[PDB]
Chemist: 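Below: one structure in structure tokens.
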Amino acid sequence: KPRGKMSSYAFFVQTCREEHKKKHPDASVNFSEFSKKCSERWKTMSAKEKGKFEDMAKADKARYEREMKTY
DNA sequence: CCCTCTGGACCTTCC
DNA sequence: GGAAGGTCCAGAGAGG
């Protein structure tokens with residue numbers, strides 16, 4: 001079962017969590033409040049501050065298709 | 001000694 | 001429109 005695609009937002013939240021952990025390895029992390037602030041941040045980002053992540057998504061999009069052609 | 005699932009907010013992909 | 005299925009997850013149950 002090939003993993004499902006990961007949107008730019010999925011990549012962004014993963015990255016926000018990697019970035020948050022490294023500087024605060026003491027991290028509580030509440031499902032509801034981590035989600036809210038990641039998406040509150042995604043709003044204040046620009047079409048190309050986001051680009052870094054859509055690229056990661058376009059890549060993982062190609063990955064899915066490639067694994068998909070064998071399952 | 002060492003994968004899967006569940007709750008749920010939020011977002012994009014897909015029907 | 002809105003379901004499906006991603007991201008964030010600790011702890012428990014299932015199994016090597």
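Just so it is clear: chains get the letters A, B, ... in the order the sequence lines come, proteins before strands, and each one is counted from 1. Side chains are part of it too, since the values below use all heavy atoms of this structure and drop only hydrogens, waters and symmetry mates.
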Chemist: Rounded to whole Å, how long is the line connecting atom CZ of A/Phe12 with atom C1' of B/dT13?
Modeler: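 For the pair A/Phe12 CZ and B/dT13 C1', the rounded distance is 19 Å.
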Chemist: Without decimals, in angstroms, what is the distance between A/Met6 CE and C/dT7 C1'?
Modeler: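 The answer, rounded to whole Å, is 6 Å.
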Chemist: Rounded to the nearest angstrom, tell me the gap between atom CZ in A/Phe53 and atom P in C/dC8.
Modeler: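 To the nearest whole Å, that distance equals 13 Å.
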Chemist: Please give, in whole Å, the distance from B/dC14 P to A/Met68 CE?
Modeler: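 To the nearest whole Å, that distance equals 13 Å.
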Chemist: Nearest of C/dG6, B/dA9, C/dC9 to any side-chain atom of A/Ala10?
Modeler: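 Closest nucleotide to the A/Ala10 side chain: C/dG6.
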Chemist: Once you round it to whole Å, what is the distance between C1' of B/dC10 and NZ of A/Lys37?
Modeler: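 After rounding, the reported distance stands at 13 Å.
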Chemist: Does A/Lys69 pair with A/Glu65 as a salt bridge, N-O distance under 4.0 Å?
Modeler: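 So A/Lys69 does not pair with A/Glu65 through a salt bridge.
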Chemist: So, does A/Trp42 get its side chain near the phosphate of C/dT7, meaning an N or O under 4.0 Å from OP1 or OP2?
Modeler: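 For C/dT7, OP1/OP2 do not have a side-chain N/O of A/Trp42 under 4.0 Å.
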Chemist: Any chance you could measure A/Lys50, atom NZ, to A/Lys43, atom NZ, to the nearest 0.5 Å?
Modeler: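 Reported to 0.5 Å precision, the distance equals 10.5 Å.
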Chemist: Check whether any side-chain nitrogen or oxygen of A/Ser39 sits under 4.0 Å from OP1 or OP2 of B/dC11, and answer yes or no.
Modeler: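 Yes, because at least one side-chain N or O of A/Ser39 sits under 4.0 Å from OP1 or OP2 of B/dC11.
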Chemist: When you measure from the side chain of A/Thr70 to the backbone of A/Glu67, do you find a donor-acceptor pair of N or O atoms at a distance under 3.5 Å?
Modeler: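 Looks like no, no N/O pair under 3.5 Å.
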Chemist: What is the sugar pucker of C/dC8, north (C3'-endo side) or south (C2'-endo side), as given by the torsion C1'-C2'-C3'-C4'?
Modeler: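 Torsion sign positive, so north.
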Chemist: Compare the aromatic ring of A/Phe31 with the six-membered base ring of C/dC8 and state whether they stack according to the 5.5 Å and 30° rule.
Modeler: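 Stacking is present between C/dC8 and A/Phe31, given that their ring centres fall under 5.5 Å apart and the planes under 30°.
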Chemist: Pairing check on C/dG16: which nucleotide meets the Watson-Crick or G-U wobble criteria with it, both distances under 3.5 Å?
Modeler: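 Across all strands, the one nucleotide that pairs with C/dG16 is B/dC1.
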Chemist: Going by modelled atom types, is there a donor-acceptor pair between the base of B/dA9 and the side chain of A/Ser35 at under 3.5 Å?
Modeler: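 Answer yes: a donor N or O sits under 3.5 Å from an acceptor.
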Chemist: Restricting to non-hydrogen atoms, name the atom on A/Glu33 and the atom on A/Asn30 that form the minimum distance, rounded to 0.1 Å.
Modeler: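 For A/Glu33 and A/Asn30, the tightest heavy-atom pair comes out as N-OD1, 2.7 Å.
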Chemist: Can you tell whether C/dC8 is stacked with C/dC9, judging only by whether their six-membered base rings have centres under 5.5 Å apart and planes under 30 degrees?
Modeler: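 Base stacking for C/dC8 and C/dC9: not present.
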Chemist: Check the distance between C/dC9's P and A/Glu18's CD and give it to me in whole angstrom.
Modeler: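 About 10 Å, once rounded to whole Å.
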Chemist: What pucker does B/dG7 have, north or south, from the sign of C1'-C2'-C3'-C4'?
Modeler: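 With a positive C1'-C2'-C3'-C4' torsion, B/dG7 is north.
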Chemist: With both distances under 3.5 Å as the test, what is the Watson-Crick or G-U wobble partner of B/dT13?
Modeler: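 Per the H-bond distance test, C/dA3.
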Chemist: Are the six-membered base rings of C/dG5 and C/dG6 within the stacking limits, centres under 5.5 Å and planes under 30°?
Modeler: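 Base stacking between C/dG5 and C/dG6: present.
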Chemist: Check the distance between B/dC11's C1' and A/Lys5's NZ and give it to me in whole angstrom.
Modeler: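 Nearest whole value for this atom pair: 15 Å.
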Chemist: Round to the nearest Å and state the distance from A/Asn30 atom CG to B/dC10 atom P.
Modeler: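 Interatomic distance, CG of A/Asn30 to P of B/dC10: 11 Å.
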Chemist: Ring centroids only, cut at 6.0 angstrom: are A/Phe53 and A/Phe11 within range, meaning strictly under it?
Modeler: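 For A/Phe53 and A/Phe11, the ring centres are not under 6.0 Å apart.
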